[PDB]
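Below, in structure tokens: the form solved without the ligand, a single chain.
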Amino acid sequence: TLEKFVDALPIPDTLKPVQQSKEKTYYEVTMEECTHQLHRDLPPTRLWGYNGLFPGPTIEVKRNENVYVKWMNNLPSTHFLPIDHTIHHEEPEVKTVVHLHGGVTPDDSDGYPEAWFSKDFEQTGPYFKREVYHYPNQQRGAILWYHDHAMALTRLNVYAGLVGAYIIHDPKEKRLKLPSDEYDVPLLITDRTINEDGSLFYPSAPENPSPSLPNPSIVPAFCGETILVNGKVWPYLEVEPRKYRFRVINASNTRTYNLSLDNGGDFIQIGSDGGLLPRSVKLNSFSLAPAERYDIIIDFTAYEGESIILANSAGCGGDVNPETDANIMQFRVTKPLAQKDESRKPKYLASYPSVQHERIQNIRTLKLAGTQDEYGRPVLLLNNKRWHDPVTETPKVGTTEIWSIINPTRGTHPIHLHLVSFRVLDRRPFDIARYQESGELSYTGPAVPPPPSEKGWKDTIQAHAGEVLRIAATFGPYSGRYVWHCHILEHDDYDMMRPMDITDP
């Protein structure tokens, strides 16, 4: 296999505005097919990238900054990855739309799956409204990320390389003196399988496919043979013996990571999807499902000269392989200090979500299930409703709801809601067989409150097998048409995604 830790970790450049004033910031981003070397020992790989880069440029904004991005498609008219034509029924083959994950965004700038567009906006989807997306950024400082969200193509377009980081800076958090600038580094983790000739491999079908299956055929899961960080296979990063802030983003299709340091050292988590935690949390390891973000501090002060592996213990379609997928990246504490470490690791970070005392307008019971198609494939469904079925999740603007998510399947699903960040209330185990046979919910244990990592704000949440997960969300400030879905992209595309109408009565 490819030799680990021979390439330096790239740090995506920060995107510069095309136009900027006090009143408005204007960006242009063009999707392009490009080649990049993903590892020292590989030929260059054909990829799809925002501004021709993989990952895309990091976008940095202030809270309340009036930001516009014209996302443009200048991609080839044919895909290089295998499209399954049977999962969705004169349309172009290549459709794209950019979703700012975690964005508090007006609905027509949110990247609705059916607001897609082909090259130069020549053809557009039925929900398309506008070329230039509007991000008012009227929300907490947080790690966001942007990726393709096109109907029935999300798993392919994202795997092709259409991902990037988007950071909201709240000037009020500057007094905390968290590590910043060069010492504040996004880590976008993507697992990939790469052929000897350097080309990306994505399966055309399940292994030993049933003759009943079409070709190509969507697969229920994808597990890459290699791990990349910031577009490089198993890279190393030279760090100062100093505190660093890392914005950890799982940008993988299916794979969940469970991260630790091979020297037994700790992380300090300061933030989740929705921004700073109320209190910092000392951690030895953490689980990171697709689309989850961890804002963490690693203190290298006492580890000068050392090589430390960011390790992974979570398997994907089997046990983790010590020589491959058990490795993420390597820190080398060999960079001379550029200046005094004046950064801090404060305990008191932000207001508790529990300070809020909103009235519960509605309690929604939702089940994770599905059916089988004419080809024998599993079709994963939220409430046994297809994407095209009439909308059922219709919260009222400005109201708070508790969503109770029932998972009677054998796997964890990272459930994601657009627009909002939410509070985690609790998880509680139930009798699966009883539920499957009768629909009766019979608990096999008491409710478990969230760990300290989930006491802040979340937008993507692990719904474990055989449990009921309860979350609470205030739906707003905008009304309109959004979505909610599992962020395992192979599930999202077929067909574990539903519309979500926030109404203004």
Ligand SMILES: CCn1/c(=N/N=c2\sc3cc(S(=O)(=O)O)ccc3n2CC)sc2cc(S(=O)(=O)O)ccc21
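Numbers follow the displayed sequence, beginning with 1.
Going from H89 to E90, the model skips 4 to 9 deposited residues, which lack coordinates.
For the segment pair 364-372 and 229-237, the entry gives 364-372 the higher mean B-factor, averaged over Cα atoms.
Remark: stretch with higher mean C-alpha B factor among 182-190 and 390-398 is 390-398.
Highest C-alpha temperature factor among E60, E65, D459, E440 per the entry: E440. Set against one another, the Cα B-factors of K335, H169, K129, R427 in the record reach their highest point at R427. Compared with the other modelled residues of the chain, the Cα B-factor recorded for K24 ranks in the middle third. Compared with the other modelled residues of the chain, the Cα B-factor recorded for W71 ranks in the lowest third.
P278: CA B factor in the middle third of modelled residues in this chain (values from the PDB entry).
In the deposited entry, the Cα temperature factor of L469 sits in the middle third of values across the chain's modelled residues. Among the modelled residues of its chain, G305 has a C-alpha B-factor that falls in the middle third according to the deposited record.
Just so it is clear, the following notes concern the form solved in complex with the ligand, a form of the same protein that is not shown.
Judged by heavy atoms within 4.5 Å of the ligand in the entry with it bound, the contact stretch among the candidates 383-391, 221-229, 261-269, 181-189 is 221-229. Checked against the ligand in the entry with it bound, the candidates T105, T254, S217, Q330 yield a single residue with a heavy atom inside 4.5 Å, and that residue is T254. Put simply, of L349, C316, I308, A160 only one has a heavy atom within 4.5 Å of the ligand in the entry with it bound, and it is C316. In the entry with it bound, at least one heavy atom of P378 sits within 4.5 Å of a heavy atom of the ligand.
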